[PDB]
Amino acid sequence: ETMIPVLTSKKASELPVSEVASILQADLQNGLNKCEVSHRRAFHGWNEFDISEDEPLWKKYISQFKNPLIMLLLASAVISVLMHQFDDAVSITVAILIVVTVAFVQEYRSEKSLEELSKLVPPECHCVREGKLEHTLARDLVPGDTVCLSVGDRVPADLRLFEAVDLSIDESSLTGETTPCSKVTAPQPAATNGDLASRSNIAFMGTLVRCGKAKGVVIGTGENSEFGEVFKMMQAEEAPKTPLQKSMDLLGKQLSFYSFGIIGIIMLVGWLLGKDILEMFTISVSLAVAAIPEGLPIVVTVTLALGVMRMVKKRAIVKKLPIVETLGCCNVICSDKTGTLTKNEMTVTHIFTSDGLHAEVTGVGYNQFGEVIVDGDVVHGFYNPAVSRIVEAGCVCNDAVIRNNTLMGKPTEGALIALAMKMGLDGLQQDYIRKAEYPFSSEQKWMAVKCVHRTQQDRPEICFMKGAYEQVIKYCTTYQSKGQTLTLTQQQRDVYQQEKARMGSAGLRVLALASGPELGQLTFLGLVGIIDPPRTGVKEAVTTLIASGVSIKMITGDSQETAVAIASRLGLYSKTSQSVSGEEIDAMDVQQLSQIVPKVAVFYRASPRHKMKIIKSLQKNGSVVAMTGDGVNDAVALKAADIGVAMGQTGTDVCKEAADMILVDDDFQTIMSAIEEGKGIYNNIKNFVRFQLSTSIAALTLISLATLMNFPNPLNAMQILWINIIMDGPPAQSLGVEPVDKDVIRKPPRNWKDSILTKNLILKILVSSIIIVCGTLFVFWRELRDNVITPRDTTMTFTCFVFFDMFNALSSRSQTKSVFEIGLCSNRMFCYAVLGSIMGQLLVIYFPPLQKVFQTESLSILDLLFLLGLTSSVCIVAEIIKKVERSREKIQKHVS
Ligand SMILES: [Ca+2]
């Protein structure tokens with residue numbers, strides 16, 4: 001039924017708007033209906049670049065026959081096959097299959113996580129359907145739809161522009177031209193077409209709209225696009241690696257080189273004396289496999305993805321991989337007023353009446369949560385006549401209303417309706433009938449209305465007056481004093497002026513109120529203090545950030561008094577803290593301000609140019625900044641600077657596409673969560689590195705001590721492989737995945753020039769390795785008195801090493817906190833992995849097939865109990881060492 005063809009960009013440009021609309025059967029005003037949209041979905045499909053088919057599971061299963069350590073293991077297996085030892089060959093083959101299976105599961109999990117770490121930020125756009133503007137994903141778009149383009153929005157697909165008002169889009173990512181090209185709606189000549197270089201009529205996908213508003217009819221989605229192929233071939237590229245990943249890779253390479261050298265030296269030493277060449281060779285190969293970091297980058301990727309997704313569970317979205325590691329190193333965290341530290345709503349805080357009483361108003365927002373307190377007493381309704389007359393004049397003589405906690409109109413007035421409604425006087429506005437109105441003007445700086453009571457129309461007309469103090473006081477001749485009307489004198493006017501000055505010096509926006517029968521004979525009522533209030537948890541968050549050592553810098557555009565009052569009421573201001581004006585920032589720029597920027601916290605009457613200036617100065621001495629901002633002017637401030645914390649609620653697509661991580665709640669409380677998640681990721685990486693190093697060093701020391709004087713070794717190739725999978729499998733992932741502890745927020749910020757392997761961690765590694773080696777050697781010498789026991793010594797030493805590794809994993813959960821504080825059962829999956837490892841060890845020890853495979857002899861209850869009692873000699877030592885360390889730290893802090 002007249003299938004809609006896909007119009008290419010050149011063709012859609014060459015015919016006029018009407019012909020293109022007729023071809024696409026597109027309604028320019030009402031848009032497309034849902035049924036036709038679904039039909040075009042069924043025919044065309046998803047508006048998204050065709051995916052590249054991924055290799056099946058057996059491709060990856062075969063691909064793990066690379067890294068030829070397994071190749072020499074299979075060579076040893078087939079050599080044993082040719083040497084007529086079927087049992088050992090089949091055992092090593094079964095161990096090989098188990099190793100490749102576990103590596104396959106680990107690789108599948110890592111690749112699935114990496115692939116799933118691509119849907120955090122979907123494309124967004126606006127479309128018009130059935131005559132209504134709908135907010136829908138760009139993946140929904142089908143040709144023929146009408147999409148509205150605004151300032152800062154990202155173009156979702158190719159469109160044919162029919163209406164445009166001073167359009168300005170950036171094609172630098174598509175054409176390389178730094179100069180935006182103005183767009184028109186008239187059709188372009190066909191002869192003027194090579195590359196774009198002129199195409200001001202057709203909108204291209206992926207470009208960024210800089211200025212202007214327009215509407216267009218989409219001509220093509222997905223694969224069908226002229227530069228859609230260019231964008232597709234630009235995509236599917238390898239993302240850059242974070243410096244932490246490079247450091248981890250370097251550490252792994254160094255560890256692998258040292259392990260290979262040690263293994264070669266040990267093998268040569270063993271071959272120097274009389275031993276078995278094949279058994280020692282395969283044992284050395286298994287040890288080289290064990291002591292090589294193959295799960296370190298994998299677990300780093302999984303823990304980074306888990307932290308990013310945990311932040312996503314919170315009210316924050318993180319895009320870039322190498323941005324997360326810089327969250328914990330931030331020390332110059334910055335913020336701004338009107339949205340970050342203070343909700344973008346006005347709230348009245350202080351009320352001063354004509355009789356001089358001071359009233360404090362609690363609560364924030366245009367809601368009923370809050371109270372008005374006068375001299376320690378809560379005032380509701382008309383209990384206090386002085387405040388009641390003020391709120392009556394405010395509510396009756398007002399034009400703004402509040403619906404579902406949403407305000408339209410003047411924010412200063414809306415704060416006044418909120419204040420009046422807080423005590424239950426929302427319906428007082430409907431109780432009066434307005435007769436005459438005087439609208440607010442910038443010249444007069446005041447407004448008033450004349451009204452009478454709805455049910456008491458016989459009463460004389462009452463005029464309610466408000467505005468700036470200098471204008472209100474001119475029409476006021478009398479004032480109320482404890483229920484008595486007295487003439488306004490000069491002394492009371494001076495008192496009023498000094499009260500206004502005091503309020504202004506404290507950040508209060510001064511608004512006056514009055515009431516009377518007619519203009520010029522009005523009776524004054526009092527003053528109201530309007531101030532942008534801080535959010536719920538901004539004060540506590542700022543205090544916690546400052547206590548750790550993270551300096552907070554505040555930049556705003558209001559007056560000095562309001563900014564300094566906000567800083568003082570939050571904690572940013574201190575005894576020694578200056579403030580720099582925007583004009584001073586403009587006059588002198590880079591050289592002599594960096595010597596004063598570490599001791600400043602307030603920037604008022606600033607600008608995006610001043611934002612760039614302070615960013616450059618703060619980056620000159622060397623620090624990590626957290627500059628925020630939304631819109632178009634705050635794009636470079638998030639590009640050239642450090643982590644660009646942006647807002648996904650009131651922000652534009654520029655700060656959500658061409659910038660760093662974004663917030664969906666527009667609050668300051670979502671930064672400490674990201675910092676804690678990053679520090680927890682770092683702690684998990686440190687714990688995994690410590691455990692892996694400790695177990696590898698212990699195993700290598702045990703094997704070297706067995707080899708040195710031709711001592712009969714207790715672990716064969718299969719047992720070494722099982723220890724390796726224990727140290728680099730489900731238990732390794734369980735150690736690497738751990739919930740964050742609520743103590744890293746007090747830690748000082750991490751420096752960029754830091755190292756994972758600290759002195760304390762290294763000392764603990766050697767302590768644990770020495771304890772494990774000593775315990776295993778003691779068990780081996782205890783069992784080896786009769787000098788002839790082939791199966792039981794190996795079985796018991798292997799199970800003792802397994803128990804020691806499990807206890808070391810239990811102890812290495814935290815570095816500064818004992819396992820008792822976090823609880824025995826904190827990570828459910830860690831406990832599941834521990835139970836699975838215990839079950840596997842029991843199956844290996846008891847199952848006759850596993851007994852034949854691993855050369856295992858069944859133990860008894862008494863031996864198992866003795867081994868469990870002996871294997872605890874490391875966990876308790878680590879726990880008491882940590883307890884002593886934290887007690888000493890607490891004592892030193894207390895006596896400081
Ligand atoms: Ca390994």
# chains A, B, ... in the order shown; residues from 1 in each chain; ligands from 1
>>> closest_atom_pairs(of="chain A", to="ligand 1", cutoff="7 Å", atoms="only C-alpha atoms and all ligand atoms", output="CSV")
residue,atom,partner,partner_atom_place_in_ligand_line,distance
A:289,CA,ligand 1,1 (Ca),5.2
A:290,CA,ligand 1,1 (Ca),3.4
A:291,CA,ligand 1,1 (Ca),4.9
A:292,CA,ligand 1,1 (Ca),4.7
A:293,CA,ligand 1,1 (Ca),5.5
A:294,CA,ligand 1,1 (Ca),5.9
A:724,CA,ligand 1,1 (Ca),5.3
A:728,CA,ligand 1,1 (Ca),5.7
>>> select_by_dssp(residues="region 390-520 of chain A", states="helix (DSSP H, G or I)", output="ChimeraX atom specification")
/A:390-396,411-422,426-428,469-472,490-505
>>> write_last_selection(atoms="N, CA and C atoms", output="compact mmCIF listing (two decimals), in the first residue's frame")
# COMPACT_ATOMS: atom_id res chain seq x y z
N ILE A 390 0.42 40.59 58.01
CA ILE A 390 1.46 40.57 56.97
C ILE A 390 1.18 39.46 55.97
N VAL A 391 0.89 38.25 56.45
CA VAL A 391 0.68 37.14 55.53
C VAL A 391 -0.63 37.31 54.77
N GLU A 392 -1.63 37.95 55.40
CA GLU A 392 -2.87 38.24 54.71
C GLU A 392 -2.64 39.20 53.55
N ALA A 393 -1.92 40.30 53.81
CA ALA A 393 -1.61 41.24 52.75
C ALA A 393 -0.78 40.58 51.66
N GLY A 394 0.14 39.70 52.05
CA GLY A 394 0.94 39.00 51.06
C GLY A 394 0.15 38.06 50.17
N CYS A 395 -0.72 37.25 50.76
CA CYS A 395 -1.47 36.25 50.01
C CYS A 395 -2.60 36.86 49.19
N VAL A 396 -3.35 37.81 49.76
CA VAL A 396 -4.47 38.40 49.02
C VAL A 396 -3.96 39.23 47.86
N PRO A 411 9.14 33.93 41.54
CA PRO A 411 9.58 33.10 42.68
C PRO A 411 9.48 33.80 44.02
N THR A 412 9.75 35.11 44.04
CA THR A 412 9.64 35.86 45.29
C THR A 412 8.22 35.85 45.83
N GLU A 413 7.22 36.02 44.96
CA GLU A 413 5.84 35.89 45.38
C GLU A 413 5.50 34.46 45.78
N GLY A 414 5.96 33.48 45.00
CA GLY A 414 5.65 32.09 45.30
C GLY A 414 6.15 31.67 46.67
N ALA A 415 7.32 32.18 47.07
CA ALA A 415 7.78 31.98 48.44
C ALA A 415 6.78 32.54 49.44
N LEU A 416 6.10 33.64 49.07
CA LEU A 416 5.15 34.26 49.98
C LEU A 416 3.87 33.43 50.11
N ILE A 417 3.36 32.90 48.99
CA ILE A 417 2.25 31.95 49.10
C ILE A 417 2.67 30.73 49.92
N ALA A 418 3.90 30.24 49.72
CA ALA A 418 4.36 29.10 50.51
C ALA A 418 4.37 29.43 52.00
N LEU A 419 4.87 30.61 52.35
CA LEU A 419 4.90 31.03 53.75
C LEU A 419 3.50 31.13 54.33
N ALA A 420 2.57 31.75 53.60
CA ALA A 420 1.21 31.89 54.10
C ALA A 420 0.53 30.54 54.24
N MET A 421 0.80 29.62 53.31
CA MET A 421 0.14 28.32 53.33
C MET A 421 0.73 27.42 54.41
N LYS A 422 1.99 27.67 54.81
CA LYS A 422 2.62 26.84 55.83
C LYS A 422 1.81 26.79 57.12
N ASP A 426 -3.90 29.16 52.95
CA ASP A 426 -3.90 29.12 51.50
C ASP A 426 -5.21 29.64 50.92
N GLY A 427 -6.33 29.39 51.59
CA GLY A 427 -7.63 29.80 51.13
C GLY A 427 -7.99 31.24 51.42
N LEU A 428 -7.09 32.00 52.05
CA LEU A 428 -7.38 33.40 52.34
C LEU A 428 -7.43 34.24 51.08
N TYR A 469 11.30 48.66 49.92
CA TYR A 469 11.08 49.43 51.14
C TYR A 469 11.04 50.93 50.85
N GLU A 470 11.92 51.41 49.98
CA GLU A 470 11.97 52.84 49.69
C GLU A 470 10.68 53.32 49.03
N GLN A 471 9.98 52.44 48.32
CA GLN A 471 8.73 52.81 47.67
C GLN A 471 7.51 52.56 48.55
N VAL A 472 7.53 51.48 49.34
CA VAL A 472 6.39 51.19 50.21
C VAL A 472 6.26 52.24 51.30
N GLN A 490 10.15 59.66 62.30
CA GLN A 490 11.44 59.49 61.65
C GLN A 490 12.30 58.45 62.36
N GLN A 491 12.19 58.37 63.69
CA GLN A 491 12.98 57.39 64.43
C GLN A 491 12.59 55.96 64.05
N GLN A 492 11.29 55.70 63.92
CA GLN A 492 10.84 54.37 63.52
C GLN A 492 11.23 54.08 62.07
N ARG A 493 11.25 55.11 61.22
CA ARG A 493 11.74 54.92 59.86
C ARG A 493 13.22 54.54 59.85
N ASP A 494 14.02 55.18 60.71
CA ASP A 494 15.43 54.82 60.82
C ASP A 494 15.61 53.40 61.35
N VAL A 495 14.78 53.01 62.31
CA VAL A 495 14.82 51.63 62.82
C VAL A 495 14.48 50.65 61.70
N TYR A 496 13.47 50.98 60.90
CA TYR A 496 13.09 50.15 59.77
C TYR A 496 14.24 50.03 58.77
N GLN A 497 14.91 51.14 58.49
CA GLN A 497 16.04 51.13 57.56
C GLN A 497 17.19 50.29 58.09
N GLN A 498 17.48 50.39 59.39
CA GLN A 498 18.57 49.60 59.95
C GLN A 498 18.22 48.11 59.96
N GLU A 499 16.95 47.78 60.20
CA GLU A 499 16.52 46.39 60.09
C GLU A 499 16.66 45.88 58.67
N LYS A 500 16.30 46.71 57.68
CA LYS A 500 16.45 46.32 56.29
C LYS A 500 17.92 46.10 55.94
N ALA A 501 18.79 46.98 56.43
CA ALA A 501 20.22 46.83 56.18
C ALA A 501 20.77 45.56 56.82
N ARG A 502 20.33 45.26 58.04
CA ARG A 502 20.76 44.04 58.71
C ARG A 502 20.30 42.80 57.94
N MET A 503 19.06 42.82 57.46
CA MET A 503 18.57 41.70 56.66
C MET A 503 19.35 41.55 55.36
N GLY A 504 19.64 42.67 54.69
CA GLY A 504 20.39 42.61 53.45
C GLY A 504 21.81 42.10 53.65
N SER A 505 22.45 42.50 54.75
CA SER A 505 23.79 42.02 55.05
C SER A 505 23.82 40.52 55.35
>>> residues_around(residues="residue 144 (chain A)", least_positions_apart="2", cutoff="8 Å", atoms="only C-alpha atoms", output="VMD selection string")
chain A and resid 21 24 to 27 31 to 32 142 146 217 to 219
>>> write_last_selection(atoms="C-alpha atoms", output="PDB file, in the first residue's frame")
ATOM      1  CA  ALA A  21       6.233  15.570   2.873  1.00  0.00           C
ATOM      2  CA  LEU A  24       7.001  10.468   3.047  1.00  0.00           C
ATOM      3  CA  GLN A  25       3.250  10.822   3.786  1.00  0.00           C
ATOM      4  CA  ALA A  26       4.226  12.971   6.766  1.00  0.00           C
ATOM      5  CA  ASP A  27       1.956  15.451   8.553  1.00  0.00           C
ATOM      6  CA  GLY A  31       2.804  14.299  13.056  1.00  0.00           C
ATOM      7  CA  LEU A  32       2.397  10.544  12.853  1.00  0.00           C
ATOM      8  CA  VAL A 142      10.946   6.443  12.150  1.00  0.00           C
ATOM      9  CA  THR A 146       8.263  15.537  13.128  1.00  0.00           C
ATOM     10  CA  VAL A 217      10.797  15.948   9.024  1.00  0.00           C
ATOM     11  CA  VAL A 218      13.053  12.916   9.446  1.00  0.00           C
ATOM     12  CA  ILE A 219      14.046  11.425   6.084  1.00  0.00           C
TER      13      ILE A 219
END
>>> atom_distance(atom1="CA of residue 202 (chain A)", atom2="CA of residue 161 (chain A)")
5.9 Å
>>> closest_atom_pairs(of="region 320-378 of chain A", to="region 555-577 of chain A", cutoff="7 Å", atoms="only C-alpha atoms", output="JSON lines")
{"residue": "A:335", "atom": "CA", "partner": "A:555", "partner_atom": "CA", "distance": 6.7}
{"residue": "A:336", "atom": "CA", "partner": "A:555", "partner_atom": "CA", "distance": 5.1}
{"residue": "A:337", "atom": "CA", "partner": "A:556", "partner_atom": "CA", "distance": 5.5}
>>> select_by_dssp(residues="region 345-516 of chain A", states="strand (DSSP E or B)", output="VMD selection string")
chain A and resid 347 to 353 358 to 361 372 to 374 377 to 378 401 to 403 406 to 408 432 to 438 446 to 453 462 to 467 476 to 481 484 to 487 509 to 516
>>> atom_distance(atom1="CA of residue 884 (chain A)", atom2="CA of residue 768 (chain A)")
16.5 Å
>>> closest_residue(among="A:56, A:520, A:729, A:529", to="residue 506 (chain A)", atoms="only C-alpha atoms")
A:529
>>> closest_residue(among="A:265, A:784, A:668, A:106", to="residue 539 (chain A)", atoms="only C-alpha atoms")
A:668
>>> closest_residue(among="A:700, A:767, A:324, A:625", to="residue 661 (chain A)", atoms="only C-alpha atoms")
A:324
>>> residues_around(residues="residue 133 (chain A)", least_positions_apart="3", cutoff="10 Å", atoms="only C-alpha atoms", output="VMD selection string")
chain A and resid 30 to 31 126 to 130 136 146 to 148
>>> residues_around(residues="region 708-710 of chain A", least_positions_apart="5", cutoff="9 Å", atoms="only C-alpha atoms", output="JSON, numbers by chain")
{"A": [266, 269, 270, 273, 274, 275, 703]}
>>> write_last_selection(atoms="C-alpha atoms", output="compact mmCIF listing (two decimals), in the first residue's frame")
# COMPACT_ATOMS: atom_id res chain seq x y z
CA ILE A 266 64.05 -23.74 40.74
CA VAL A 269 68.35 -26.46 40.68
CA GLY A 270 66.06 -29.49 40.91
CA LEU A 273 70.32 -33.25 41.63
CA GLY A 274 68.53 -36.56 41.07
CA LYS A 275 64.80 -36.14 40.48
CA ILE A 703 57.90 -25.33 46.55
>>> closest_residue(among="A:187, A:409, A:534, A:307", to="residue 327 (chain A)", atoms="only C-alpha atoms")
A:307
>>> residues_around(residues="region 70-78 of chain A", least_positions_apart="4", cutoff="9 Å", atoms="only C-alpha atoms", output="ChimeraX atom specification")
/A:64-66,82-83,88-90,92-93,96,278,281-282,285-286,289
>>> atom_distance(atom1="CA of residue 210 (chain A)", atom2="CA of residue 632 (chain A)")
7.4 Å
>>> closest_residue(among="A:695, A:543, A:368, A:477", to="residue 523 (chain A)", atoms="only C-alpha atoms")
A:477
>>> closest_residue(among="A:33, A:815, A:2, A:349", to="residue 508 (chain A)", atoms="only C-alpha atoms")
A:349
